[PDB]
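Next comes coords-v2.tsv, with TSV, N, CA and C atoms.
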chain	number	residue	atom	x	y	z
A	564	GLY	N	0.20	-15.40	-8.63
A	564	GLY	CA	-1.10	-14.78	-8.53
A	564	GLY	C	-1.09	-13.46	-7.78
A	565	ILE	N	-0.33	-12.49	-8.27
A	565	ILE	CA	-0.11	-11.22	-7.59
A	565	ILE	C	-0.89	-10.13	-8.32
A	566	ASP	N	-1.72	-9.41	-7.57
A	566	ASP	CA	-2.43	-8.23	-8.06
A	566	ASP	C	-3.35	-8.53	-9.24
A	567	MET	N	-3.77	-9.78	-9.40
A	567	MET	CA	-4.67	-10.16	-10.48
A	567	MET	C	-5.62	-11.23	-9.98
A	568	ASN	N	-6.68	-11.47	-10.76
A	568	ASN	CA	-7.70	-12.43	-10.36
A	568	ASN	C	-7.12	-13.83	-10.24
A	569	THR	N	-6.31	-14.24	-11.21
A	569	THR	CA	-5.70	-15.57	-11.20
A	569	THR	C	-4.30	-15.49	-11.79
A	570	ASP	N	-3.52	-16.53	-11.54
A	570	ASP	CA	-2.18	-16.64	-12.09
A	570	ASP	C	-2.23	-17.27	-13.48
A	571	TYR	N	-1.10	-17.18	-14.18
A	571	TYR	CA	-0.96	-17.74	-15.52
A	571	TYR	C	0.19	-18.74	-15.53
A	572	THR	N	0.01	-19.82	-16.28
A	572	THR	CA	1.04	-20.84	-16.37
A	572	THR	C	2.25	-20.32	-17.15
A	573	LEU	N	3.37	-21.02	-16.98
A	573	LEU	CA	4.62	-20.59	-17.61
A	573	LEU	C	4.51	-20.59	-19.13
A	574	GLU	N	3.76	-21.53	-19.70
A	574	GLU	CA	3.62	-21.61	-21.15
A	574	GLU	C	2.75	-20.48	-21.69
A	575	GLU	N	1.64	-20.17	-21.02
A	575	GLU	CA	0.83	-19.03	-21.43
A	575	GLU	C	1.60	-17.72	-21.27
A	576	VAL	N	2.42	-17.60	-20.22
A	576	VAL	CA	3.21	-16.39	-20.04
A	576	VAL	C	4.25	-16.26	-21.15
A	577	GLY	N	4.92	-17.36	-21.49
A	577	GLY	CA	5.86	-17.33	-22.59
A	577	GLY	C	5.20	-16.98	-23.91
A	578	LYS	N	4.01	-17.53	-24.15
A	578	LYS	CA	3.28	-17.22	-25.38
A	578	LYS	C	2.89	-15.75	-25.43
A	579	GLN	N	2.43	-15.19	-24.30
A	579	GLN	CA	2.06	-13.78	-24.27
A	579	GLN	C	3.28	-12.89	-24.48
A	580	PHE	N	4.42	-13.27	-23.92
A	580	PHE	CA	5.63	-12.45	-24.01
A	580	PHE	C	6.48	-12.75	-25.23
A	581	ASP	N	6.07	-13.70	-26.08
A	581	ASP	CA	6.82	-14.09	-27.27
A	581	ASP	C	8.23	-14.55	-26.90
A	582	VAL	N	8.35	-15.24	-25.77
A	582	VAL	CA	9.62	-15.73	-25.26
A	582	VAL	C	9.48	-17.21	-24.94
A	583	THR	N	10.45	-18.01	-25.37
A	583	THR	CA	10.44	-19.45	-25.13
A	583	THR	C	10.35	-19.79	-23.65
A	584	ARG	N	9.84	-20.99	-23.36
A	584	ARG	CA	9.62	-21.41	-21.99
A	584	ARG	C	10.94	-21.51	-21.22
A	585	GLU	N	11.99	-22.03	-21.86
A	585	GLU	CA	13.27	-22.17	-21.17
A	585	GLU	C	13.90	-20.81	-20.90
A	586	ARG	N	13.77	-19.87	-21.84
A	586	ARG	CA	14.27	-18.52	-21.58
A	586	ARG	C	13.50	-17.86	-20.44
A	587	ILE	N	12.18	-18.07	-20.40
A	587	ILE	CA	11.39	-17.57	-19.27
A	587	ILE	C	11.88	-18.18	-17.97
A	588	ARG	N	12.17	-19.48	-17.97
A	588	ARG	CA	12.67	-20.15	-16.78
A	588	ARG	C	14.01	-19.57	-16.35
A	589	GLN	N	14.91	-19.33	-17.30
A	589	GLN	CA	16.21	-18.77	-16.97
A	589	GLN	C	16.09	-17.35	-16.43
A	590	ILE	N	15.18	-16.55	-16.98
A	590	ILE	CA	14.99	-15.19	-16.47
A	590	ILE	C	14.41	-15.23	-15.07
A	591	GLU	N	13.48	-16.16	-14.82
A	591	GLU	CA	12.93	-16.32	-13.48
A	591	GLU	C	14.00	-16.77	-12.49
A	592	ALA	N	14.90	-17.66	-12.92
A	592	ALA	CA	15.97	-18.12	-12.04
A	592	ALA	C	16.95	-17.00	-11.75
A	593	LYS	N	17.25	-16.16	-12.74
A	593	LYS	CA	18.11	-15.00	-12.50
A	593	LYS	C	17.45	-14.04	-11.52
A	594	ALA	N	16.15	-13.80	-11.67
A	594	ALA	CA	15.44	-12.93	-10.74
A	594	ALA	C	15.47	-13.50	-9.33
A	595	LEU	N	15.24	-14.81	-9.20
A	595	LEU	CA	15.27	-15.44	-7.88
A	595	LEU	C	16.66	-15.35	-7.26
A	596	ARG	N	17.71	-15.54	-8.06
A	596	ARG	CA	19.06	-15.41	-7.55
A	596	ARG	C	19.34	-13.98	-7.09
A	597	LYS	N	18.90	-13.00	-7.87
A	597	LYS	CA	19.10	-11.60	-7.51
A	597	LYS	C	18.35	-11.24	-6.23
A	598	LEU	N	17.16	-11.81	-6.04
A	598	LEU	CA	16.43	-11.60	-4.79
A	598	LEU	C	17.08	-12.33	-3.62
A	599	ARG	N	17.72	-13.47	-3.87
A	599	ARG	CA	18.45	-14.17	-2.82
A	599	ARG	C	19.75	-13.48	-2.47
A	600	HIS	N	20.26	-12.63	-3.36
A	600	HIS	CA	21.46	-11.87	-3.05
A	600	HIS	C	21.23	-11.01	-1.81
A	601	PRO	N	22.22	-10.88	-0.93
A	601	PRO	CA	22.02	-10.12	0.31
A	601	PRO	C	21.94	-8.61	0.08
A	602	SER	N	21.88	-7.85	1.17
A	602	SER	CA	21.68	-6.40	1.14
A	602	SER	C	20.35	-6.01	0.53
A	603	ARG	N	19.38	-6.93	0.57
A	603	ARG	CA	18.03	-6.65	0.08
A	603	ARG	C	17.08	-7.62	0.76
A	604	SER	N	15.80	-7.24	0.77
A	604	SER	CA	14.73	-8.06	1.34
A	604	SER	C	14.96	-8.36	2.82
A	605	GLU	N	15.55	-7.42	3.55
A	605	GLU	CA	15.80	-7.63	4.97
A	605	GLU	C	14.49	-7.76	5.75
A	606	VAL	N	13.50	-6.93	5.42
A	606	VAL	CA	12.19	-7.07	6.05
A	606	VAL	C	11.55	-8.39	5.64
A	607	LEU	N	11.77	-8.83	4.40
A	607	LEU	CA	11.25	-10.13	3.97
A	607	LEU	C	11.83	-11.26	4.80
A	608	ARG	N	13.13	-11.20	5.09
A	608	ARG	CA	13.73	-12.18	5.99
A	608	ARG	C	13.15	-12.06	7.39
A	609	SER	N	12.92	-10.83	7.85
A	609	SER	CA	12.32	-10.60	9.16
A	609	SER	C	10.87	-11.07	9.24
A	610	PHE	N	10.22	-11.32	8.10
A	610	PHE	CA	8.82	-11.76	8.09
A	610	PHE	C	8.63	-13.18	8.59
A	611	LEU	N	9.66	-13.86	9.08
A	611	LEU	CA	9.54	-15.21	9.63
A	611	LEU	C	9.46	-15.11	11.14
A	612	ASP	N	8.46	-15.76	11.73
A	612	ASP	CA	8.24	-15.73	13.17
A	612	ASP	C	8.78	-16.97	13.86
A	613	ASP	N	9.85	-17.56	13.34
A	613	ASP	CA	10.47	-18.73	13.95
A	613	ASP	C	11.98	-18.57	14.03
B	250	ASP	N	32.99	-3.34	14.17
B	250	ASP	CA	32.31	-2.71	13.04
B	250	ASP	C	31.45	-3.74	12.30
B	251	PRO	N	30.13	-3.57	12.36
B	251	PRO	CA	29.23	-4.57	11.75
B	251	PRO	C	29.43	-4.74	10.26
B	252	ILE	N	29.75	-3.66	9.53
B	252	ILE	CA	29.88	-3.75	8.08
B	252	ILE	C	31.30	-4.06	7.63
B	253	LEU	N	32.27	-4.06	8.54
B	253	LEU	CA	33.64	-4.40	8.17
B	253	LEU	C	33.83	-5.90	8.01
B	254	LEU	N	33.15	-6.71	8.82
B	254	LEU	CA	33.32	-8.15	8.82
B	254	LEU	C	32.29	-8.88	7.96
B	255	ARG	N	31.42	-8.15	7.26
B	255	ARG	CA	30.42	-8.80	6.44
B	255	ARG	C	31.06	-9.46	5.22
B	256	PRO	N	30.45	-10.52	4.69
B	256	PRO	CA	31.04	-11.21	3.53
B	256	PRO	C	31.08	-10.31	2.30
B	257	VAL	N	32.03	-10.62	1.41
B	257	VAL	CA	32.25	-9.80	0.22
B	257	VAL	C	31.10	-9.93	-0.77
B	258	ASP	N	30.24	-10.94	-0.62
B	258	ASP	CA	29.13	-11.12	-1.55
B	258	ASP	C	28.08	-10.01	-1.45
B	259	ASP	N	28.15	-9.17	-0.42
B	259	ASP	CA	27.22	-8.06	-0.24
B	259	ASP	C	27.55	-6.86	-1.11
B	260	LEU	N	28.54	-6.97	-1.99
B	260	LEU	CA	28.97	-5.85	-2.82
B	260	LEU	C	28.12	-5.66	-4.07
B	261	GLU	N	27.11	-6.51	-4.28
B	261	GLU	CA	26.21	-6.48	-5.44
B	261	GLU	C	26.95	-6.15	-6.73
B	262	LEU	N	27.95	-6.98	-7.02
B	262	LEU	CA	28.77	-6.83	-8.22
B	262	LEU	C	28.36	-7.87	-9.26
B	263	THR	N	29.04	-7.84	-10.40
B	263	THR	CA	28.76	-8.75	-11.50
B	263	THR	C	29.62	-10.01	-11.37
B	264	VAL	N	29.45	-10.93	-12.32
B	264	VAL	CA	30.22	-12.17	-12.30
B	264	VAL	C	31.69	-11.90	-12.58
B	265	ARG	N	31.97	-10.94	-13.47
B	265	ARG	CA	33.36	-10.58	-13.75
B	265	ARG	C	34.05	-10.07	-12.49
B	266	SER	N	33.41	-9.15	-11.78
B	266	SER	CA	33.97	-8.64	-10.54
B	266	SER	C	34.08	-9.75	-9.49
B	267	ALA	N	33.09	-10.64	-9.44
B	267	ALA	CA	33.11	-11.72	-8.47
B	267	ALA	C	34.30	-12.65	-8.69
B	268	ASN	N	34.55	-13.03	-9.94
B	268	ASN	CA	35.69	-13.91	-10.21
B	268	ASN	C	37.01	-13.17	-10.05
B	269	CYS	N	37.04	-11.86	-10.34
B	269	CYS	CA	38.24	-11.08	-10.07
B	269	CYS	C	38.56	-11.07	-8.57
B	270	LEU	N	37.54	-10.88	-7.74
B	270	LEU	CA	37.75	-10.91	-6.29
B	270	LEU	C	38.15	-12.30	-5.82
B	271	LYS	N	37.57	-13.34	-6.42
B	271	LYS	CA	37.96	-14.71	-6.07
B	271	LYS	C	39.42	-14.97	-6.41
B	272	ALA	N	39.88	-14.48	-7.56
B	272	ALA	CA	41.29	-14.60	-7.92
B	272	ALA	C	42.16	-13.80	-6.96
B	273	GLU	N	41.71	-12.61	-6.56
B	273	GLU	CA	42.45	-11.81	-5.59
B	273	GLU	C	42.46	-12.46	-4.21
B	274	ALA	N	41.53	-13.39	-3.94
B	274	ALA	CA	41.47	-14.13	-2.68
B	274	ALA	C	41.25	-13.19	-1.50
B	275	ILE	N	40.19	-12.39	-1.58
B	275	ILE	CA	39.77	-11.50	-0.50
B	275	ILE	C	38.27	-11.69	-0.33
B	276	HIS	N	37.87	-12.32	0.77
B	276	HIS	CA	36.47	-12.63	1.03
B	276	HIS	C	35.81	-11.64	1.99
B	277	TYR	N	36.53	-10.62	2.45
B	277	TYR	CA	36.00	-9.65	3.39
B	277	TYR	C	36.12	-8.25	2.82
B	278	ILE	N	35.05	-7.46	2.98
B	278	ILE	CA	35.05	-6.08	2.49
B	278	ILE	C	36.05	-5.24	3.27
B	279	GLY	N	36.19	-5.51	4.57
B	279	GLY	CA	37.15	-4.76	5.37
B	279	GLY	C	38.58	-4.94	4.89
B	280	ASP	N	38.94	-6.17	4.50
B	280	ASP	CA	40.24	-6.41	3.89
B	280	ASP	C	40.30	-5.93	2.45
B	281	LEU	N	39.16	-5.85	1.77
B	281	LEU	CA	39.13	-5.45	0.37
B	281	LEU	C	39.32	-3.95	0.19
B	282	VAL	N	38.83	-3.14	1.14
B	282	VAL	CA	38.92	-1.68	1.01
B	282	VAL	C	40.32	-1.15	1.25
B	283	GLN	N	41.29	-2.01	1.55
B	283	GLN	CA	42.66	-1.58	1.75
B	283	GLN	C	43.43	-1.40	0.45
B	284	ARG	N	42.88	-1.86	-0.67
B	284	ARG	CA	43.55	-1.71	-1.96
B	284	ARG	C	43.38	-0.29	-2.49
B	285	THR	N	44.14	0.02	-3.53
B	285	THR	CA	44.16	1.36	-4.11
B	285	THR	C	43.69	1.31	-5.56
B	286	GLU	N	43.44	2.51	-6.11
B	286	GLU	CA	42.86	2.62	-7.44
B	286	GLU	C	43.80	2.06	-8.51
B	287	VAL	N	45.09	2.37	-8.43
B	287	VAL	CA	46.03	1.88	-9.44
B	287	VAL	C	46.17	0.37	-9.36
B	288	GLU	N	46.19	-0.19	-8.14
B	288	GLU	CA	46.26	-1.63	-7.99
B	288	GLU	C	45.01	-2.31	-8.55
B	289	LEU	N	43.84	-1.70	-8.33
B	289	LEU	CA	42.61	-2.27	-8.88
B	289	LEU	C	42.59	-2.18	-10.40
B	290	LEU	N	43.10	-1.08	-10.95
B	290	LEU	CA	43.07	-0.89	-12.40
B	290	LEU	C	44.06	-1.81	-13.11
B	291	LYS	N	45.24	-2.02	-12.51
B	291	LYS	CA	46.25	-2.86	-13.14
B	291	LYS	C	45.86	-4.33	-13.19
B	292	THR	N	44.87	-4.75	-12.42
B	292	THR	CA	44.42	-6.13	-12.47
B	292	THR	C	43.75	-6.41	-13.82
B	293	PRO	N	44.01	-7.57	-14.42
B	293	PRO	CA	43.41	-7.87	-15.72
B	293	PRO	C	41.90	-8.08	-15.62
B	294	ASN	N	41.22	-7.79	-16.73
B	294	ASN	CA	39.77	-7.98	-16.84
B	294	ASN	C	39.01	-7.22	-15.76
B	295	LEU	N	39.43	-5.97	-15.51
B	295	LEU	CA	38.76	-5.12	-14.53
B	295	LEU	C	38.81	-3.69	-15.06
B	296	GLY	N	37.72	-3.26	-15.70
B	296	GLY	CA	37.65	-1.95	-16.30
B	296	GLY	C	37.15	-0.89	-15.34
B	297	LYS	N	36.87	0.29	-15.90
B	297	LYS	CA	36.39	1.41	-15.10
B	297	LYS	C	34.97	1.20	-14.60
B	298	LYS	N	34.18	0.36	-15.27
B	298	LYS	CA	32.81	0.13	-14.84
B	298	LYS	C	32.75	-0.52	-13.46
B	299	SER	N	33.61	-1.52	-13.23
B	299	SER	CA	33.63	-2.17	-11.92
B	299	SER	C	34.08	-1.21	-10.83
B	300	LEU	N	35.08	-0.38	-11.12
B	300	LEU	CA	35.53	0.62	-10.15
B	300	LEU	C	34.42	1.61	-9.83
B	301	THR	N	33.71	2.09	-10.86
B	301	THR	CA	32.61	3.02	-10.62
B	301	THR	C	31.51	2.37	-9.79
B	302	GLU	N	31.16	1.12	-10.10
B	302	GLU	CA	30.11	0.44	-9.35
B	302	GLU	C	30.50	0.23	-7.90
B	303	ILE	N	31.75	-0.20	-7.65
B	303	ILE	CA	32.16	-0.45	-6.27
B	303	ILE	C	32.27	0.86	-5.50
B	304	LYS	N	32.73	1.93	-6.14
B	304	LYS	CA	32.78	3.23	-5.47
B	304	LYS	C	31.37	3.72	-5.14
B	305	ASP	N	30.43	3.55	-6.07
B	305	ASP	CA	29.06	3.97	-5.82
B	305	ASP	C	28.43	3.18	-4.68
B	306	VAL	N	28.65	1.86	-4.65
B	306	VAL	CA	28.05	1.06	-3.59
B	306	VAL	C	28.69	1.36	-2.24
B	307	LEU	N	30.01	1.63	-2.22
B	307	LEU	CA	30.65	2.00	-0.97
B	307	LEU	C	30.15	3.35	-0.47
B	308	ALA	N	29.98	4.32	-1.37
B	308	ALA	CA	29.45	5.62	-0.97
B	308	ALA	C	28.02	5.49	-0.47
B	309	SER	N	27.22	4.64	-1.11
B	309	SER	CA	25.85	4.43	-0.66
B	309	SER	C	25.81	3.77	0.72
B	310	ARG	N	26.71	2.82	0.97
B	310	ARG	CA	26.75	2.12	2.24
B	310	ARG	C	27.74	2.73	3.23
B	311	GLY	N	28.04	4.02	3.10
B	311	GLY	CA	28.88	4.71	4.06
B	311	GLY	C	30.31	4.21	4.14
B	312	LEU	N	30.95	4.01	2.99
B	312	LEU	CA	32.33	3.56	2.94
B	312	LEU	C	33.06	4.30	1.82
B	313	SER	N	34.38	4.30	1.91
B	313	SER	CA	35.22	4.96	0.92
B	313	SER	C	36.52	4.17	0.77
B	314	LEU	N	37.46	4.72	0.02
B	314	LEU	CA	38.75	4.10	-0.23
B	314	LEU	C	39.86	4.98	0.34
B	315	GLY	N	41.06	4.41	0.39
B	315	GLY	CA	42.22	5.11	0.90
B	315	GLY	C	42.43	5.00	2.40
B	316	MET	N	41.53	4.34	3.12
B	316	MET	CA	41.66	4.18	4.56
B	316	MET	C	42.39	2.88	4.88
B	317	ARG	N	42.98	2.84	6.08
B	317	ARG	CA	43.77	1.71	6.53
B	317	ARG	C	43.14	1.07	7.75
B	318	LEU	N	43.37	-0.23	7.90
B	318	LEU	CA	42.86	-1.01	9.03
B	318	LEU	C	44.01	-1.32	9.98
B	319	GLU	N	43.76	-1.14	11.27
B	319	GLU	CA	44.75	-1.39	12.31
B	319	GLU	C	44.29	-2.55	13.18
B	320	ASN	N	45.21	-3.47	13.47
B	320	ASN	CA	44.92	-4.65	14.29
B	320	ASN	C	43.75	-5.46	13.73
B	321	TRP	N	43.74	-5.63	12.41
B	321	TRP	CA	42.69	-6.39	11.74
B	321	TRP	C	43.19	-7.79	11.46
B	322	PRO	N	42.59	-8.83	12.07
B	322	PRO	CA	43.00	-10.23	11.86
B	322	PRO	C	42.79	-10.68	10.41

Would you kindly transcribe this structure into structure tokens?
Amino acid sequence: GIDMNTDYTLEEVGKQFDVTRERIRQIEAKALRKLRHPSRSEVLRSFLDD
Amino acid sequence: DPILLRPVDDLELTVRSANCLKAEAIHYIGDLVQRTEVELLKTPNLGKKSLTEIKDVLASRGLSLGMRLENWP
């Protein structure tokens, strides 16, 4: 739910993008892995107050 | 040196480069920068794209090749 009124489910997103649900899942997992890769999001890691 | 002892996974490379480094058995960037261009090129399944990417990332992160490490465990 980023920069929009509401979020969209994975199936509606796949339908809008003409991409299967599993391919959408794999692309999301690749994006999450790339964000978990180091040398990035250092301020995001610093955003924890514990 | 804070960036000499960092893990090799910070090199933002591809899976091909990652498995090449795993085969080379070098988990540290400080130990990895001791190799040379001909040695890197002669390794199988390692083209010019990986060399260009690693050179670009080293230049971006204030590192280069051809330097030697002294008293490095």

Original post:
Given a cut-off of 8 Å, which residues of chain A touch chain B, counting all atoms listed in the file, written out as a ChimeraX atom specification?
Top reply: /A:600-603

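You will find atom N of residue 598 of chain A at 19.8 Å from atom CA of residue 305 of chain B.
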
**OP:** Pick out the closest residue to residue 266 of chain B from this set: B:294, B:281, B:304, B:253. Count only N, CA and C atoms.
**Re:** B:294

**OP:** as a PyMOL selection string, list the residues of segment 271-300 of chain B assigned to alpha helix (DSSP H) by DSSP on the backbone atoms of this structure.
**Re:** chain B and resi 271-273+278-281+286-291+297-300

Saved selection, atoms kept: N, CA and C atoms, as a PDB file, in the coordinates of the input:
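And here's selection14.pdb as it stands now:
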ATOM      1  N   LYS B 271      37.570 -13.340  -6.420  1.00  0.00           N
ATOM      2  CA  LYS B 271      37.960 -14.710  -6.070  1.00  0.00           C
ATOM      3  C   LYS B 271      39.420 -14.970  -6.410  1.00  0.00           C
ATOM      4  N   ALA B 272      39.880 -14.480  -7.560  1.00  0.00           N
ATOM      5  CA  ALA B 272      41.290 -14.600  -7.920  1.00  0.00           C
ATOM      6  C   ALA B 272      42.160 -13.800  -6.960  1.00  0.00           C
ATOM      7  N   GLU B 273      41.710 -12.610  -6.560  1.00  0.00           N
ATOM      8  CA  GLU B 273      42.450 -11.810  -5.590  1.00  0.00           C
ATOM      9  C   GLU B 273      42.460 -12.460  -4.210  1.00  0.00           C
ATOM     10  N   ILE B 278      35.050  -7.460   2.980  1.00  0.00           N
ATOM     11  CA  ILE B 278      35.050  -6.080   2.490  1.00  0.00           C
ATOM     12  C   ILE B 278      36.050  -5.240   3.270  1.00  0.00           C
ATOM     13  N   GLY B 279      36.190  -5.510   4.570  1.00  0.00           N
ATOM     14  CA  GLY B 279      37.150  -4.760   5.370  1.00  0.00           C
ATOM     15  C   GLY B 279      38.580  -4.940   4.890  1.00  0.00           C
ATOM     16  N   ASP B 280      38.940  -6.170   4.500  1.00  0.00           N
ATOM     17  CA  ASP B 280      40.240  -6.410   3.890  1.00  0.00           C
ATOM     18  C   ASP B 280      40.300  -5.930   2.450  1.00  0.00           C
ATOM     19  N   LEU B 281      39.160  -5.850   1.770  1.00  0.00           N
ATOM     20  CA  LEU B 281      39.130  -5.450   0.370  1.00  0.00           C
ATOM     21  C   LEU B 281      39.320  -3.950   0.190  1.00  0.00           C
ATOM     22  N   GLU B 286      43.440   2.510  -6.110  1.00  0.00           N
ATOM     23  CA  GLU B 286      42.860   2.620  -7.440  1.00  0.00           C
ATOM     24  C   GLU B 286      43.800   2.060  -8.510  1.00  0.00           C
ATOM     25  N   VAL B 287      45.090   2.370  -8.430  1.00  0.00           N
ATOM     26  CA  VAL B 287      46.030   1.880  -9.440  1.00  0.00           C
ATOM     27  C   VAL B 287      46.170   0.370  -9.360  1.00  0.00           C
ATOM     28  N   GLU B 288      46.190  -0.190  -8.140  1.00  0.00           N
ATOM     29  CA  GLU B 288      46.260  -1.630  -7.990  1.00  0.00           C
ATOM     30  C   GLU B 288      45.010  -2.310  -8.550  1.00  0.00           C
ATOM     31  N   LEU B 289      43.840  -1.700  -8.330  1.00  0.00           N
ATOM     32  CA  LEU B 289      42.610  -2.270  -8.880  1.00  0.00           C
ATOM     33  C   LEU B 289      42.590  -2.180 -10.400  1.00  0.00           C
ATOM     34  N   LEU B 290      43.100  -1.080 -10.950  1.00  0.00           N
ATOM     35  CA  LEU B 290      43.070  -0.890 -12.400  1.00  0.00           C
ATOM     36  C   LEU B 290      44.060  -1.810 -13.110  1.00  0.00           C
ATOM     37  N   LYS B 291      45.240  -2.020 -12.510  1.00  0.00           N
ATOM     38  CA  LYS B 291      46.250  -2.860 -13.140  1.00  0.00           C
ATOM     39  C   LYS B 291      45.860  -4.330 -13.190  1.00  0.00           C
ATOM     40  N   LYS B 297      36.870   0.290 -15.900  1.00  0.00           N
ATOM     41  CA  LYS B 297      36.390   1.410 -15.100  1.00  0.00           C
ATOM     42  C   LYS B 297      34.970   1.200 -14.600  1.00  0.00           C
ATOM     43  N   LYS B 298      34.180   0.360 -15.270  1.00  0.00           N
ATOM     44  CA  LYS B 298      32.810   0.130 -14.840  1.00  0.00           C
ATOM     45  C   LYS B 298      32.750  -0.520 -13.460  1.00  0.00           C
ATOM     46  N   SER B 299      33.610  -1.520 -13.230  1.00  0.00           N
ATOM     47  CA  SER B 299      33.630  -2.170 -11.920  1.00  0.00           C
ATOM     48  C   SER B 299      34.080  -1.210 -10.830  1.00  0.00           C
ATOM     49  N   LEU B 300      35.080  -0.380 -11.120  1.00  0.00           N
ATOM     50  CA  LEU B 300      35.530   0.620 -10.150  1.00  0.00           C
ATOM     51  C   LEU B 300      34.420   1.610  -9.830  1.00  0.00           C
TER      52      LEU B 300
END

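You will find atom N of residue 588 of chain A at 7.6 Å from atom CA of residue 573 of chain A.
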
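With distances restricted to only C-alpha atoms, A:584 is the closest residue to residue 572 of chain A from A:594, A:604, A:613, A:584.
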
Original post:
atom CA of residue 314 of chain B and atom N of residue 606 of chain A are how many Å apart?
Top reply: 28.1 Å

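Environment of (35.4, -1.6, 0.2): residues at most 8 Å away, judged by only N, CA and C atoms, are residues 277, 278, 279, 280, 281, 282, 283, 284, 303, 304, 306, 307, 312, 313 and 314 of chain B.
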
Export of the given selection (N, CA and C atoms) as a PDB file, in the coordinates of the input:
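Once everything was written out, this is out.pdb:
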ATOM      1  N   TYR B 277      36.530 -10.620   2.450  1.00  0.00           N
ATOM      2  CA  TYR B 277      36.000  -9.650   3.390  1.00  0.00           C
ATOM      3  C   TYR B 277      36.120  -8.250   2.820  1.00  0.00           C
ATOM      4  N   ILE B 278      35.050  -7.460   2.980  1.00  0.00           N
ATOM      5  CA  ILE B 278      35.050  -6.080   2.490  1.00  0.00           C
ATOM      6  C   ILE B 278      36.050  -5.240   3.270  1.00  0.00           C
ATOM      7  N   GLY B 279      36.190  -5.510   4.570  1.00  0.00           N
ATOM      8  CA  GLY B 279      37.150  -4.760   5.370  1.00  0.00           C
ATOM      9  C   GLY B 279      38.580  -4.940   4.890  1.00  0.00           C
ATOM     10  N   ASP B 280      38.940  -6.170   4.500  1.00  0.00           N
ATOM     11  CA  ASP B 280      40.240  -6.410   3.890  1.00  0.00           C
ATOM     12  C   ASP B 280      40.300  -5.930   2.450  1.00  0.00           C
ATOM     13  N   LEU B 281      39.160  -5.850   1.770  1.00  0.00           N
ATOM     14  CA  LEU B 281      39.130  -5.450   0.370  1.00  0.00           C
ATOM     15  C   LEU B 281      39.320  -3.950   0.190  1.00  0.00           C
ATOM     16  N   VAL B 282      38.830  -3.140   1.140  1.00  0.00           N
ATOM     17  CA  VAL B 282      38.920  -1.680   1.010  1.00  0.00           C
ATOM     18  C   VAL B 282      40.320  -1.150   1.250  1.00  0.00           C
ATOM     19  N   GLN B 283      41.290  -2.010   1.550  1.00  0.00           N
ATOM     20  CA  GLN B 283      42.660  -1.580   1.750  1.00  0.00           C
ATOM     21  C   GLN B 283      43.430  -1.400   0.450  1.00  0.00           C
ATOM     22  N   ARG B 284      42.880  -1.860  -0.670  1.00  0.00           N
ATOM     23  CA  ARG B 284      43.550  -1.710  -1.960  1.00  0.00           C
ATOM     24  C   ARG B 284      43.380  -0.290  -2.490  1.00  0.00           C
ATOM     25  N   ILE B 303      31.750  -0.200  -7.650  1.00  0.00           N
ATOM     26  CA  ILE B 303      32.160  -0.450  -6.270  1.00  0.00           C
ATOM     27  C   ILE B 303      32.270   0.860  -5.500  1.00  0.00           C
ATOM     28  N   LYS B 304      32.730   1.930  -6.140  1.00  0.00           N
ATOM     29  CA  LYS B 304      32.780   3.230  -5.470  1.00  0.00           C
ATOM     30  C   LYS B 304      31.370   3.720  -5.140  1.00  0.00           C
ATOM     31  N   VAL B 306      28.650   1.860  -4.650  1.00  0.00           N
ATOM     32  CA  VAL B 306      28.050   1.060  -3.590  1.00  0.00           C
ATOM     33  C   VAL B 306      28.690   1.360  -2.240  1.00  0.00           C
ATOM     34  N   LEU B 307      30.010   1.630  -2.220  1.00  0.00           N
ATOM     35  CA  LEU B 307      30.650   2.000  -0.970  1.00  0.00           C
ATOM     36  C   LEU B 307      30.150   3.350  -0.470  1.00  0.00           C
ATOM     37  N   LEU B 312      30.950   4.010   2.990  1.00  0.00           N
ATOM     38  CA  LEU B 312      32.330   3.560   2.940  1.00  0.00           C
ATOM     39  C   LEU B 312      33.060   4.300   1.820  1.00  0.00           C
ATOM     40  N   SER B 313      34.380   4.300   1.910  1.00  0.00           N
ATOM     41  CA  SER B 313      35.220   4.960   0.920  1.00  0.00           C
ATOM     42  C   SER B 313      36.520   4.170   0.770  1.00  0.00           C
ATOM     43  N   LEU B 314      37.460   4.720   0.020  1.00  0.00           N
ATOM     44  CA  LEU B 314      38.750   4.100  -0.230  1.00  0.00           C
ATOM     45  C   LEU B 314      39.860   4.980   0.340  1.00  0.00           C
TER      46      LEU B 314
END

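Non-sequential neighbours of residue 587 of chain A (distance at most 9 Å, separation of 4 or more positions within a chain, only C-alpha atoms) are residues 573, 574, 576, 577, 582, 583, 591 and 592 of chain A.
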
Restricting the output to N, CA and C atoms, write the selected residues as an mmCIF file, in the frame of the given file.
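Saved as selection-v2.cif:
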data_model
loop_
_atom_site.group_PDB
_atom_site.id
_atom_site.type_symbol
_atom_site.label_atom_id
_atom_site.label_comp_id
_atom_site.auth_asym_id
_atom_site.auth_seq_id
_atom_site.Cartn_x
_atom_site.Cartn_y
_atom_site.Cartn_z
ATOM 1 N N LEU A 573 3.370 -21.020 -16.980
ATOM 2 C CA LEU A 573 4.620 -20.590 -17.610
ATOM 3 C C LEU A 573 4.510 -20.590 -19.130
ATOM 4 N N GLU A 574 3.760 -21.530 -19.700
ATOM 5 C CA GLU A 574 3.620 -21.610 -21.150
ATOM 6 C C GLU A 574 2.750 -20.480 -21.690
ATOM 7 N N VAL A 576 2.420 -17.600 -20.220
ATOM 8 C CA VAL A 576 3.210 -16.390 -20.040
ATOM 9 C C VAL A 576 4.250 -16.260 -21.150
ATOM 10 N N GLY A 577 4.920 -17.360 -21.490
ATOM 11 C CA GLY A 577 5.860 -17.330 -22.590
ATOM 12 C C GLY A 577 5.200 -16.980 -23.910
ATOM 13 N N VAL A 582 8.350 -15.240 -25.770
ATOM 14 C CA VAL A 582 9.620 -15.730 -25.260
ATOM 15 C C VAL A 582 9.480 -17.210 -24.940
ATOM 16 N N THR A 583 10.450 -18.010 -25.370
ATOM 17 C CA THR A 583 10.440 -19.450 -25.130
ATOM 18 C C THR A 583 10.350 -19.790 -23.650
ATOM 19 N N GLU A 591 13.480 -16.160 -14.820
ATOM 20 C CA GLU A 591 12.930 -16.320 -13.480
ATOM 21 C C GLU A 591 14.000 -16.770 -12.490
ATOM 22 N N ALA A 592 14.900 -17.660 -12.920
ATOM 23 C CA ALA A 592 15.970 -18.120 -12.040
ATOM 24 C C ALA A 592 16.950 -17.000 -11.750
#
